[PDB]
Amino acid sequence: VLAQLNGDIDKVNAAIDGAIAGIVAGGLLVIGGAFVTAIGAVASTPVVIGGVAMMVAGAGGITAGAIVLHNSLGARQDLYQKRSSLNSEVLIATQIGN
Amino acid sequence: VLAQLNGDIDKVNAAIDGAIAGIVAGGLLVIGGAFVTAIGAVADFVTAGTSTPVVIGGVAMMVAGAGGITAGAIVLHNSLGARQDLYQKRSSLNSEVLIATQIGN
Amino acid sequence: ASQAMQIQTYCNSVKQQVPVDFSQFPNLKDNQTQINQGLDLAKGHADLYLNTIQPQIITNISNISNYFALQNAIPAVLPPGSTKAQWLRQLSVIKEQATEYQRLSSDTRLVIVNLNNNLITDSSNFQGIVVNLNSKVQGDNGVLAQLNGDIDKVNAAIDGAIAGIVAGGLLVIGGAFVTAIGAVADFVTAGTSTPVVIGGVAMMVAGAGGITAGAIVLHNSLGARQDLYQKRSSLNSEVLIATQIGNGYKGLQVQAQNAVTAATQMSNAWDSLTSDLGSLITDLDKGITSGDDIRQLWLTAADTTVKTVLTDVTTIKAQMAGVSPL
Amino acid sequence: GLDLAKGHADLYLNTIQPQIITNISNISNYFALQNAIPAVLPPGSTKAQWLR
Amino acid sequence: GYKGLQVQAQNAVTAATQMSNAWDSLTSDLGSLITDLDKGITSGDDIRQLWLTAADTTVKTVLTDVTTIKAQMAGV
Amino acid sequence: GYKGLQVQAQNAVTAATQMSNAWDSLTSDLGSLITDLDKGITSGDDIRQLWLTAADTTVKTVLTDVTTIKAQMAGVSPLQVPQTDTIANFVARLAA
C-alpha cells in the first residue's frame, strides 16, 4: 500500500501545481488588465473594456484556482496522513517483531 | 494541532511555489512581450496606425511579467523565514509527543 | 577498568568540553542556553566527585579496612590468657568499633546517593540536549528538501533567459543581413523589395529586444537563485554543526550512563558492607548477653561474618582502584 | 506523571534494593549459624543441646 | 583552539587549587600531631604504629600512584 | 602521503613530549637527593640519618627515572615498506 500511495501522492501533486499556475496566470492577467485600463483612460474606451475584461478574468482564475487549490491540498493531506499512519505501523510491528 | 501545522506548511509552501511560478512565468512574459512589442511597433510604421492593439498587448505582457518578477521577490523574502519556523515547530511537536509516549511506556 | 575509573573518565571528558556559541544560528538560540546550562552543572558535579566524594569513599574504606585487617577474627571461646570479665570487654569493644564502622558505611552510601543523582541529572540533561538538536536538524532537512526543488525551478527561469538572449543575438545577426539585402535592392530599384526590409528590421528590433529583456530577467533569476542557495548553505552548516555537537553529547550521555551504573554498583557494595556489619553487631550482641554453647554459637558466626566483612572490603577496594588514562 | 515515576524509582533504589541486599546478608549470617552448630556441638553431644 | 585552551587552563587552576589545599591539610595535620604530642594526648609509640599501618596501606597507594603517574607521563 | 607524514610527526611529537616529562622527573628527583644530602650533611646524629635515609629512597627513585628514560631510548626502528601505487591501479584510478 505504501509504494502505491507514494505514486498517488506524486499523481495528486499535479493538481496542486496546476492550481498554483492557475492562480499566478490569474494574477498576471490582473496586473495586465489594470495597466491596459489606465492606458484607455488616456486618448478611447474600447480598450478600457478589454482592460476590465482582463482583470475580471484574472480574478476568476484566482478565485477558481484558490478553490481548486484548497481541495487538492486537502486530498493530498489525507494521503500523507494515511501514509505516516502505515509508516508508524510498519515501524512498530518491525521493532516488536525483531 | 498536527493537522493545523501540516495545513500551514501546505499554505506557506504553496505560497512560495507560486511566488517562484510568478518569477518564472514573469520572465517569460517579459521576454515574450518584448518580441511581440517589437513586431507591433514595426507593423505600426508599416500599417499607418492599424496595429496599436498589438504594441499595447506587448507592453501589457512585459508590465505583467515584470510585476510577476517584482511580486515573487517580496513573497520569497517574506516566506523563507516563516517556513523554517513551521518545520521546526512541527519537528519539536513530533519529538515531544514521542517523549510523552515513551514516559507512558 | 574499575568503577572509579569509569566515573573519572566521564569527569575528565566533561570538564574539557567547551561552551557552544550558536550566535550565527538564531534557530539554535535555545539549544545553546540548554547545552551551556547542562554543561556548567555537569562541570560542578565532575569537580565535586574528584575533589570530595572519591577522596571520602576511599578514605572511609581505608579506615574500615585498617581495623578489620587487624581484628580479622572473633575469639568465640575464652582465649588461653584472658579472664571472662576482659573477654566480654574485648568483644564489647569490637561491637562498638563495628557499630561506629557501620554508621560510616551508611553515611558513605548516602554520599553515593548524591553522586548517583548528580550523574543521572547530567545523563538526563545530555539525553535532552541530543533530542532537541535532532528536532532542529529534522526540521531543517524538511526545509532543505523544499529549498532544493525551489532552486531547480528557478534554474528554469535562468535557462529561459539564456535561451532568450541567444535567440536574441541570432535574430539580430540574421535580421541585420536580411535588412542589408532588402535595403540595397530598394536603393537600386526603389519599391521592389519592401516586405524584406520590413522583415529585416522586425527581426533586428525583436532581437535586441529579447537581448535586453533576457538579461534583465537573467539578472533577477540569478539574484533569486543565489538568495536560495545561501539560505540553503546556511542550513547545511546549521545541520552539520547541530550534528557534530549532538553526536558529542550522545557520547557524553553514554559516558555518564556508564558512570551511573558504576556509582549504582558502589551503592550496592556499601549496602552489603553496611548489612554484613549489621550481622556482626547482632552476633556480638547476642554473643555477649548469652550463656554457654549459645554464646559460642553466636561468636563463631560473628567470626564467619568478619571474614565476610573482609570480602566486602576487598570488593569496594577493587571498585576504587586506579587513575584512568587519557 | 514523570516526577511521580522518578519518585517510585527512587523508593526502589534507596529503600527496597538495600532491604534486598540486607536479606542476602541475613542468608550469609543464617548459614554462618547453621554451619557453626557442629563446631559448638562435638560428637558426644545430647539431643537436648542439639535442640537448644 | 583558543576557547578550548582557556577551558584547559581553567581545569589547571581548579586542580592547582586542590593540590595547594592538599599540602595545607598535610602541614596542618602534622601540626596537630605536634601539639597533641607536646601535651601528652599520645606518645611517639602511638604515632609509630599509626605510621607503620599507613606505609603498608595508605602511603603505598600514594607511592604506587606516583610511579603510575610518572609512567603515564613517560609513556612506559 | 603528507597526511601520513603529519601523523608520523604527531606521534613523534608525543614521544618527544614524553621524553621531556621523564627528563623533568630525573631533574626534579635529583634536586630532592641534593636537598636531602645537604640537609643531612649539615645536621648531625638522628636528623642526619633522617635526611640521609630519604636520600637513599630518592636514589632508589632516581634509578627508576633512569630505567624509564633508558626504555624510551633503546631500539633501532625496523624498515617500513609503504606499499605504493602500481600502473594498472593508476590507469584504473584515472578511469574512475
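Just so we're on the same page: letters track the sequence lines, and every chain starts at 1.
Only the side chain of B:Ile99 comes within contact range of chain C, with heavy atoms under 4.5 Å apart. Only the side chain of C:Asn27 comes within contact range of chain B, with at least one heavy atom under 4.5 Å from a heavy atom of that chain. Neither the backbone nor the side chain of C:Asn134 comes within contact range of chain B, judged by heavy atoms closer than 4.5 Å. Neither the backbone nor the side chain of C:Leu218 comes within less than 4.5 Å of any heavy atom of chain B. With a 4.5 angstrom heavy-atom cutoff, C:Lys153 touches chain B via backbone and side-chain atoms both. Only the side chain of C:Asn220 has a heavy atom closer than 4.5 Å to any heavy atom of chain B. Of the atoms belonging to C:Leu228, it is side-chain heavy atoms, and not backbone ones, that fall under 4.5 Å from chain B.
Looking at B:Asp44 and B:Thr52, their side chains do bring a donor and an acceptor atom within 3.5 Å of each other. A donor atom on one side chain and an acceptor atom on the other are found under 3.5 Å apart for C:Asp122 and C:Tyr10.
Heavy-atom pairs under 4.5 Å with chain B peak, among C:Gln138, C:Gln146, C:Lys231, C:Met203, at C:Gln146. Interface remark: of the candidates B:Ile16, B:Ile20, B:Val24, B:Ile20 forms the most heavy-atom pairs closer than 4.5 Å to chain C. For the set C:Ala206, C:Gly223, C:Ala157, C:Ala224, the count of heavy-atom pairs under 4.5 angstrom toward chain B peaks at C:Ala206. Counting heavy-atom pairs under 4.5 Å between each of B:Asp17, B:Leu98, B:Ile23 and chain C puts B:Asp17 at the top. Comparing C:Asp150, C:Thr212, C:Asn141 by heavy-atom pairs within less than 4.5 Å of chain B, the highest count is held by C:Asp150.
Looking at C:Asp227 and B:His77, their side chains come closer than 4.5 Å, going by heavy atoms from C-beta outward.
Here the CD1 atom belonging to C:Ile211 is positioned 11.5 Å from the CD1 atom belonging to B:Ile31, to the nearest 0.5 angstrom. Remark: C:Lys29 NZ to C:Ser23 OG distance equals 12.0 Å, nearest 0.5 Å.
Between the side chain of C:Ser135 and the backbone N or O of C:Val131, at least one donor-acceptor pair lies under 3.5 Å.
Among all heavy-atom pairs drawn from C:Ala213 and B:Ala34, the shortest one is CB-CB, 4.1 Å.
Within 6.0 Å of CD in C:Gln230 there are more than 12 heavy atoms belonging to other residues, nucleotides or ligands.
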